[PDB]
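Right, one structure below, let's go through it.
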Amino acid sequence: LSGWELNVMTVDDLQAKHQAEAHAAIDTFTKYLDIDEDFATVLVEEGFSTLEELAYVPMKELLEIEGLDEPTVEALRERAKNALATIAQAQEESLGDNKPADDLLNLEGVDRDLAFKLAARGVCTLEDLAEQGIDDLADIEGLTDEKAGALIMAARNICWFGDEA
């Protein structure tokens, strides 16, 4: 009805979602004023909670913060770089919901590419391959139907026909 993604998750904490998140960000600026601790704190007016579009901001609006020396701005830039790094890490961890473990790369005949493709197909655990047919594991970038069938036979032999755990 609104066209935008609605989110209702919290039940008792972070219930307001606008005031409880305003003054609770100590995990973000855990090392912000690394020169000395008795300098300042992050503000709520600007927010200091974005760390993505805040990397580039002119000096027209940063005067309202008392105690603005060049170590302060250098520590701000260093923390922005560290935030960029941790955000890129969180992205590269969240986008790829595959995680091919050691049991997935131990199959004979699959490199990183085939492992990633079979993990993106929808299966990621060894015991759940026997219930995937030949056409189910088809349309793979770099996998012949005969080779896919043979790998399915090998999987069902090592897991089901082998009778081991």
Qualifying positions in the stretch 88-110 - surrounded by fewer than 10 Cβ atoms within 10 Å (Cβ to Cβ) and free of Cβ contacts under 8 Å to residues at least 12 places away in the same chain: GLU92, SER94, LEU95, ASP97, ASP102
Count of residues meeting criterion [more than 20 Å from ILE158 (Cα to Cα) and either among the charged types (D, E, K, R) or touching a helix residue (DSSP H, G or I) at 6+ places or on another chain (Cβ under 8 Å) (or both)] in the stretch 96-111: 3
Single residue of the stretch 135-152 satisfying the filter (loosely packed, with under 12 Cβ neighbours inside 10 Å and not charged (D, E, K, R)) that is farthest from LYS99 (Cα to Cα): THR144
Subset tally (residues that are farther than 20 Å from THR86 by Cβ and surrounded by fewer than 13 Cβ atoms within 10 Å (Cβ to Cβ)) for the stretch 45-70: 11
Among the residues listed as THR28, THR72, the single one being β-branched (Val, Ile, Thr) and free of Cβ contacts under 8 Å to residues at least 40 places away in the same chain: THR72
Tally, over the stretch 48-63, of residues that are out of contact with any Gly (no Cβ under 9 Å at 6 or more places or on another chain) and either touching a residue at least 12 places away in the same chain (Cβ under 8 Å) or not assigned by CATH to the domain that holds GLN91 (or both): 6
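What residue, of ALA165, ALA80, is surrounded by 10 or more Cβ atoms within 10 Å (Cβ to Cβ), free of Cβ contacts under 8 Å to residues at least 60 places away in the same chain and of a type in the set (A, V, I, L, M)? If you could, list the steps in order and put the result at the bottom.
Numbers: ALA165 fails: surrounded by 10 or more Cβ atoms within 10 Å (Cβ to Cβ).
After ruling out the rest, the residue left standing is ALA80.
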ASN7, sole failed condition from (1) among the polar types (S, T, N, Q); (2) surrounded by 12 or more Cβ atoms within 10 Å (Cβ to Cβ); (3) over 17 Å from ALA75 (Cβ atoms): (2)
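Here the Cβ is made from the backbone with ideal geometry for all residues, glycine too, and neighbour counts use every protein chain on show. Basis: the model, the stated rules and, where named, an outside source; these are not laboratory values.
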